[PDB]
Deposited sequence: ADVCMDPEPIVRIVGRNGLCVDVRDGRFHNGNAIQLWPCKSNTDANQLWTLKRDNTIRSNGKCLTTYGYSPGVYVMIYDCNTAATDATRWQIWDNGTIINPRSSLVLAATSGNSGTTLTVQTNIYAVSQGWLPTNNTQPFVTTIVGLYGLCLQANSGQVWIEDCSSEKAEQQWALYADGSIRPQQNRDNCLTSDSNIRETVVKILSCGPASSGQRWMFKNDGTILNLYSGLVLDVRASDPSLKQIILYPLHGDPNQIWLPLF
């Protein structure tokens, strides 16, 4: 069986902010919050992923206040807290879930200082997390059908001849959002779950389920809540339409992040 390590790491999420023990106070019950990612050895942003499914900062446990949607997440002594309230699973699609409650770690607002909570899982941007020491999103070109490049043009998105154009650069944030490099307040967005809905660029404000994406091992870019993938409509770039569409795997649904 493989060794299970215990790496110390930051947890980056909504709008690229870091999971933070507020004001560096480790009193039992002090809230966990979003905060700009530090670049030092401060303990309140460095988390040990322990073998017992515990996530620890300065020796104390990331702990949910309860098992109902909307209760806050605190720091608490690992031995004193209810054991089930200290246990978490980090899923490969960016979800951090509390197994006992089946509720998911969330930042229901995007501002610095937002109190973290547990919410019902809807695979929204507000519930996307990444354990990493990288505090900057990865900027990349996204190549797709016929080797053409995903291109941002204000609200509209389409695929067009690649040319090393800031309109063709994309910031992959730790919360699962895909942001145009020129304006990181905005997000690749599907306004809804319906098949053939046109994907566009809108504000990352709502941090919705339509704004969260995962690059799958099969080359598709998946919207987790709907289960639909990005698709160059009719496999015709001239339509200038990128849509949500059920998975069929043909070349108009294959993408590659060329970093």
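The deposited chain is incompletely modelled, with C-alpha atoms absent over 1 to 2, 167.
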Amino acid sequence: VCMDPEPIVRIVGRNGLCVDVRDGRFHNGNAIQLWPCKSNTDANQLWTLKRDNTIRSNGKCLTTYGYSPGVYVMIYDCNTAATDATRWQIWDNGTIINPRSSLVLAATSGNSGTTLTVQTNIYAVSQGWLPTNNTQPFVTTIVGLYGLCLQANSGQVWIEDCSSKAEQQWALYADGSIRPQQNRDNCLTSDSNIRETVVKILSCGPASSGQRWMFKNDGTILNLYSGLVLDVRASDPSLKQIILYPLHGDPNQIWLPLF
From here on, numbers count along this sequence of modelled residues.
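Here the rigid core means the biggest group of C-alpha atoms that line up within 1.5 Å when the two forms are laid on top of each other.
Superposing each structure in 8 other deposited structures of this protein on the rigid core shows that the farther-lying of 86 to 94 and 100 to 108, by root-mean-square Cα distance, is 100 to 108. Residue 184 is built in all of the other entries compared, counting only those with both neighbours built, so it is not a gap in a third. Among other compared entries that model residues flanking residue 145, every one gives it coordinates, keeping it clear of the one-third cutoff. As listed in the deposited structure, the average C-alpha B-factor of 125 to 133 and of 147 to 155 is greater for 147 to 155.
Between 48 to 56 and 216 to 224, the higher mean Cα B-factor belongs to 48 to 56.
Per the PDB entry, 79 shows the highest C-alpha temperature factor of the residues 177, 93, 169, 79.
Looking only at 140, 86, 164, 189, the residue with the top Cα B factor in the deposited structure is 164.
Among the modelled residues of its chain, residue 12 has a C-alpha B-factor that falls in the lowest third according to the deposited record.
When the CA B factors of the chain's modelled residues are split into thirds, the value for residue 67 lands in the highest one.
Among the modelled residues of its chain, residue 115 has a C-alpha B-factor that falls in the middle third, as given in the PDB entry. Per the PDB record, residue ranking by Cα B-factor puts residue 197 in the highest third of the chain.
When the modelled residues of the chain are ordered by their C-alpha B factor, residue 98 lands in the lowest third.
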